[PDB]
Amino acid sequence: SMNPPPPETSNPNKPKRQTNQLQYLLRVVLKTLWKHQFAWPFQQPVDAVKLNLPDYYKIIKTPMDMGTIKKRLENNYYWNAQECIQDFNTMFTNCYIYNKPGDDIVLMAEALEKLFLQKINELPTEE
């Protein structure tokens, strides 16, 4: 089977900006999660060819990963923090939906999600 193309990371038809909250999401939140020992499976799109999981993209039609989120932040793709936070949650939700409750990857996602929530709890005021 084949992989789908990755989620778009820059769209010339879609308005772009930077906010101090989106800066915090890249510089503090994503940066902290990216170098966690459990981050690596989430640093790029799920590769259903490499993993030989032809049902992954039958079940998950809105994939998301931290590599995509990082690129989106780098490209000012998000207009606000809520769009970025939603993508992080889509990434976690996809993981919990596809994988079984006791799987290594689920425990890894749960650890990253706990840390994510700790970090976004101090999202700064908009300047």
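Position 1 is the first residue in the sequence shown; the rest follow in order. Only the largest set of C-alpha atoms that superpose within 1.5 Å between the two forms is called the rigid core.
Averaged as a root mean square over residues and superposed structures in 8 other deposited structures of this protein, CA distances to the shown form are larger in 47 to 55; the pair compared was 47 to 55 and 69 to 77 with a core fit. Higher average CA B factor: 30 to 38, of the stretches 30 to 38 and 73 to 81. Looking at 53 to 61 and 96 to 104 together, the entry lists the larger mean B-factor for 96 to 104, computed on C-alpha atoms.
Among the modelled residues of its chain, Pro4 has a C-alpha B-factor that falls in the lowest third, as given in the PDB entry.
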